[PDB]
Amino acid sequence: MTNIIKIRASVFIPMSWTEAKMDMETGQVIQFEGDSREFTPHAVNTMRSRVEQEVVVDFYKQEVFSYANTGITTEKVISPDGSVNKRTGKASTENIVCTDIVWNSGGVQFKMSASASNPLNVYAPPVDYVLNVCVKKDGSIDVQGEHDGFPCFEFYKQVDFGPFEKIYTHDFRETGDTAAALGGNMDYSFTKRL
């Protein structure tokens, strides 16, 4: 009846630039580039997110396909001498996976997990989410998510090439949270049936 059902996850920083840090050792002032954008599902391959993942369940084919990416990190360093210098790196995508795919008569389930650190500052703990998602042949979905409290998170489902539907969003700046929340374990969780 319904053929293709896609789940999209995005992790992004809304600001142009992260919170400024100063190292008295070097005299520098450093910040990393953001994604300069609000919430939206239309940001694929746009490089306006730190982590991006899409799983596509294909019932016609009896297949799960996954797509995983990380944005580019740019650090802006202002030297004592005043000069500014940018450096570029890209997080690994080794730990953005789609795992534990299990089939039954009327659907499939799997877990999506993402862990990506900042390639240019190693002292930083990685962002993490994991969702346990169950999809039925009818089209409706059933998700159990956890994620670090920072930065912003957005999840959408899109079925048979139609319009996108909001699964769940987390807005750190509405929530009181900060980059501290990236350490520890995954502070938040949610349940959602669409």
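The first residue of the shown sequence is 1; numbering continues from there.
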In terms of the CA temperature factor given in the entry, to which third of its chain does residue 13 belong: lowest, middle or highest? lowest
Mind checking which third residue 125 falls in for C-alpha B-factor across the chain? middle
Please place residue 133 in the lowest, middle or highest third of its chain according to the CA B-factor in the PDB entry. highest
Comparing residue 145 with the other modelled residues of its chain, is its CA B-factor in the lowest, middle or highest third? highest
Just say lowest, middle or highest third for the CA B-factor of residue 87 relative to the other modelled residues in its chain. middle
